[PDB]
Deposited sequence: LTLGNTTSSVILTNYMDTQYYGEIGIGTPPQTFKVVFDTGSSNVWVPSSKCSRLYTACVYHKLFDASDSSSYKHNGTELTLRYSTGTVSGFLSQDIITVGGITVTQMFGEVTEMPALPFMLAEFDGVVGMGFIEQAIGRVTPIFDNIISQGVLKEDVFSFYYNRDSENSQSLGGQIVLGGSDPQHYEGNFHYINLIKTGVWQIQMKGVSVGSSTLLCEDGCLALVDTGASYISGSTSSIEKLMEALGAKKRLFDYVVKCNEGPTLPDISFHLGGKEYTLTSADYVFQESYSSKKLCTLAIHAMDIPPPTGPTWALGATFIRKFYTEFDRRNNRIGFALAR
């Protein structure tokens, strides 16, 4: 590890409090893409010009064309990348990637198979995995490791601010630090269970008064690429019975008028209770007894070995500015502002 004196920031767009993405450039001259920065995965991919237009997702997204880039390096190894909400497939390529200040030579997936559900619902084009090399498909070096190798970042850390939803900043990633403008009070740290996954021990989940969930302890994936807080089908059907909420296809709803008096939900991480108020986890889009309001908490059964686990996504990170510390293998939380 070599440390320099560089901090680099990426500005994010917030779409409807569900999608947070920024821009990268790939190739010479730069081809620009909207990407989610996802601590829950370790690969880079964008849609490829070689994607058949029978994938409607490839008609509606920006496609990388290797034939327009003088800095492209062929590889051609096939790979498949499995996300919580769906799967993409394609092949490895190498090119120059620009993110914030920084230019890095990077191996990434050119995606040629991009299912319409869910990718026709994506405002973003692809993904930049901020996870560890241990979970990288094809054992490809992740972008942050490649950036650390350059020895220009002040610290072996990166940080996420996600805003609530023209003039407002949707969010901000800091590579090599934190922005004290977007948090207050002190960082509280939890150690990773292990290097290789941004996953920490959780000691309990309260609904108001009572620890009625994860009573014997459980896992929390701190997942910048997940919209919601997620638990297993079994944990969530309990949480949602206790909130008086009903299942739609994939999510849970409450009568809009009941939203504001739903109880506080607390997550016990390291020393502290991380408390969400109903305003933090209800899409309070109306106060009518005659409309339904979605909850920013749903069921996700993440397969072993990472899961079963909770995932703390944008619902959580909106309240708690999050620092991901590779040097000391830990996660810091502070109150966002």
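Of the deposited sequence, only positions 166 to 168 lack a modelled C-alpha atom.
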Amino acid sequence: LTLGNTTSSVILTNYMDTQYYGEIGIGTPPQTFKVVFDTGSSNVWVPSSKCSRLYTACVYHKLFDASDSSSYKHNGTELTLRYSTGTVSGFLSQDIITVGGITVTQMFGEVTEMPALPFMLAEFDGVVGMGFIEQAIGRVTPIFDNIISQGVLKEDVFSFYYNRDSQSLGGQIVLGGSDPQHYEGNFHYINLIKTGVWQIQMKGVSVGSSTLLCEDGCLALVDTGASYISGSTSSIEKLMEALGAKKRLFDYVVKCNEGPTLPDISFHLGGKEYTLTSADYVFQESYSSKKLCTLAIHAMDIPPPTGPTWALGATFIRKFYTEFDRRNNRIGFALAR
From here on, numbers count along this sequence of modelled residues.
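Rigid core here is just the name for the largest C-alpha set that superposes within 1.5 Å across the two forms.
Of the two stretches examined, 39 to 47 and 58 to 66, the one with higher mean CA deviation in 9 other deposited structures of this protein after a rigid core fit is 58 to 66. In a rigid core superposition of the other structures in 9 other deposited structures of this protein, 272 to 280 and 24 to 32 differ in how far their CA atoms stray, and the farther one is 24 to 32. Compared against other deposited entries of this protein, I331 counts as consistently modelled, with coordinates in all of those that resolve the residues around it and thus below the third mark. Per the records, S168 is among the residues left out by at least a third of the other compared entries, whereas the shown structure includes it. Averaged over CA atoms, B-factors in the entry run higher in 243 to 251 than in the other of 243 to 251 and 169 to 177. Checked against the record, the higher mean CA B factor of 325 to 333 and 14 to 22 lies with 325 to 333. Reading the B-factor column for the CA atoms of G204, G126, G76, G225 in the entry, the top value corresponds to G204. Residue set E155, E113, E110, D95: peak C-alpha B-factor at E155 (per PDB entry). In the PDB entry, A122 places in the lowest third of its chain by CA B-factor. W310 sits in the highest third of its chain by CA B factor, as recorded in the PDB entry. The PDB entry assigns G270 a C-alpha temperature factor belonging to the middle third of its chain's modelled residues.
Sort the modelled residues of the chain by CA B factor and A279 lands in the middle third. When the modelled residues of the chain are ordered by C-alpha B-factor, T105 sits in the middle third.
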